[PDB]
Amino acid sequence: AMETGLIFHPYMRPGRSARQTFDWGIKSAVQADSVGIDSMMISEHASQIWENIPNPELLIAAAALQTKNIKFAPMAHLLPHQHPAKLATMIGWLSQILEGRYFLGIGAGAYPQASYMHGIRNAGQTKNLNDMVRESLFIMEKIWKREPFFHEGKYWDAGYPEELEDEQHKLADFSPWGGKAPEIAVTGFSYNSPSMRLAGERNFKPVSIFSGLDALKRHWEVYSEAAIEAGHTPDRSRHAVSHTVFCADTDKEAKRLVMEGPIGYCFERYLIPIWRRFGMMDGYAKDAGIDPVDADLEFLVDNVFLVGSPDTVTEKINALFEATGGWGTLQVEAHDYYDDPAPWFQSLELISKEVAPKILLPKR
Amino acid sequence: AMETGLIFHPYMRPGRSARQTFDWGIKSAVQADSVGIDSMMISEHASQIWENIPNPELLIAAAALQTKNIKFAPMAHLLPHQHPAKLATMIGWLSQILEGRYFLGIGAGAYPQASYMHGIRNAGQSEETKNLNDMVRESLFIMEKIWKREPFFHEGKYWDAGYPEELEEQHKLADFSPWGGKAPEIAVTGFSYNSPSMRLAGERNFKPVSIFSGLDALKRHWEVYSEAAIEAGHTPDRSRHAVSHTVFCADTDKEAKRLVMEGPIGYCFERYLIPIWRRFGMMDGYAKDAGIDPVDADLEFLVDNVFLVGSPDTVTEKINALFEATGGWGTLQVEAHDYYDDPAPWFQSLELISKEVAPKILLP
Ligand SMILES: O=S(=O)(O)CCN1CCN(CCS(=O)(=O)O)CC1
Ligand SMILES: O=S(=O)(O)CCN1CCN(CCS(=O)(=O)O)CC1
Ligand SMILES: [Cl-]
Ligand SMILES: [Cl-]
Ligand SMILES: [Cl-]
Ligand SMILES: [Cl-]
């Protein structure tokens, strides 16, 4: 029932080249596809070192004809940063190339440095990024329908022309596969996530970043309530939840490999300090009954990360399902194993083939 | 030596899918690279049937790690259609992925239907309206500054954009400057006799790409270009000049001609290109050169008098003759046609052009 997914930020070690990063992305897509992973989400960042993909569509396109079954999604295209017509056209064309193995993450962008680059001062505090998202979506949906219009917006002018006065002289068809909008997704983190409400209101796919039991429950509560009120039927099998996940033959090996390898390195060098600064471990702290100040690597490995043998990880997931109601896709956060992929590819294969099929049905 | 290049519009037969088009592009890039073709230019169109690539960068990215030596160029990114920061970031990143096997065509866009989609009414005409050429100049201004990674903010007529100061190695800004930290080489195409693009190109030391329309225009392009270059203080270099031609080589003149007349090339010309060329007076240069009335310029006339078609010796002679008449050029940019269903004769032609013809061409 539960699918396995990859989310590729990618947390490349500072100093990796663009070609190395791109090669690791393609290799990751091909391997994930080969072990039955259902989706690969690729994030977008123009200002960050570790999250060093500014154009997830380039990777998706390079992996498209090298894979069979896996579905790709930008997670997310930052709508305030591009002309909606240009973006809508690219999405539809890529969706066509993939024969529908595609869905669309949309976002405002959480990094003011990148907002600034794209002409939006004071994104942290004028232009409103959320209004820009709404206007872009309004324009893109119309372009995908291939119904003519011209729109003079607050943020952009855009349109879709009427045919001029042989099939070869009609307008190109860059509508997404099947001629309909792709499925749209949005991520959420905070406890009362406005993204989850938007998602529910518009029947988008919710993607939650695991921050603790209370938030995971609250996300679904907010989502479904918004869905119901908007007249949609909430479907928990749509819900994707992003986790650190690592599987090996034993609990001991699993833990050692995380502690001493790429995952532990990224967390100690980069993620733990950010998470500390921004209070992103308060949910985990609450769940385990500790002070956030004492949330270190080994705490996360023992209490938060889905780490261990296939049986252990299966248990941990099933325990979360009983506590929170569950989810449709386990979205595994990718790490920089480009130097020595074997233990990481073995983990993914275990998660996908041995863990995921044994998970309980999610709460309706 | 004169180099061989490919220019991929493409001219896909109406009815080809996006996946087929994309597959043909990758196959074409791989094959061109394998036979020593120096560059592959890929054009950008959102409204056209035959020219059905709206995002050349997706193709370039998919071919990047599958090729060794060939250089790629969008020909051209239509600068009025996207946010210059987003575009500048993607160009730098792709340039990095390609390790500098990349140059940048820029353009305004010659299809009003597509201009309309991107919020530009009355692109065909010379509140107040939008000027595509001014939009090109503002985009380039912004992109060059972003590539330099020096902070600024610009509130333009068409866009707001900037480059931020560092916040008060992993926490510094990402570096998506192009390969070597400098702007890519910039190219523009020209067609008309007194091409304003050729003047711009000369003024700014861009690479000129001429679309072959006759002896007089080819000479006039270089005259305009070099005069502008010299006045701007640049040294005009003919080896930079790319000239776009229909080119087809086979073992004999008879085979070459039959394959063009009866195959994909002839089909595209009779069904699509000849009527357009007739309507817009694009055969007047060829007519003048051969001493005929444009009304009588049909397929076989183009094959016998204009297209570089024949045996390797014959095509070598035709090129050498053009070199004596006009002064020559640095790259023979072969216009690609839809041989996706029959690649053998077309790949054979490109191999002949690249290995047997081009090395025998006299100095420009
Ligand atoms: O670097 S800056 O200080 O400019 C912005 C840093 N900020 C930290 C918090 N994360 C939340 C990710 S999410 O899990 O809430 O989606 C967004 C980025
Ligand atoms: O389709 S529309 O009728 O709306 C515009 C027609 N127009 C005809 C001429 N071509 C040649 C490009 S070039 O050869 O001059 O570079 C550009 C498009
Ligand atoms: Cl992020
Ligand atoms: Cl529904
Ligand atoms: Cl064109
Ligand atoms: Cl010079």
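Since chain A takes its numbers from Swiss-Prot, the residues it shows come out as 2-126, 136-175, 180-378.
Quick check of the header: X-ray crystallography, 1.9 Å.
Each Cβ is built from the backbone N, Cα and C atoms, and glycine gets one as well.
Of the residues proposed, A:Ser40, A:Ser44, A:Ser238, the one Swiss-Prot records at the same FMN site as A:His10, A:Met76, A:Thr201, A:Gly202, A:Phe203, A:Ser204, A:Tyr205, A:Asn206, A:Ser207, A:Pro208, A:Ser209 is A:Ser44.
Residue with the densest Cβ environment among the binding-site residues A:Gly202, A:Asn206, A:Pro208: A:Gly202, by other Cβ atoms within 10 Å.
Its own atom aside, the Cβ of A:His10 (FMN binding site) has 22 Cβ atoms within 10 angstroms in the protein chains shown.
Where the chain is interrupted between A:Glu175 and A:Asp180, 4 residues are left out of the deposited model, and the two C-alpha atoms stand 12 angstrom apart. Each end of the 9-residue unmodelled stretch has a Cα atom, at A:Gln126 and at A:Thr136, and these lie 10 Å apart.
Taking a Cβ cut-off of under 6 Å from any atom of ligand 5, none of the binding-site residues A:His10, A:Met76, A:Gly202, A:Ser204, A:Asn206, A:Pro208 qualifies.
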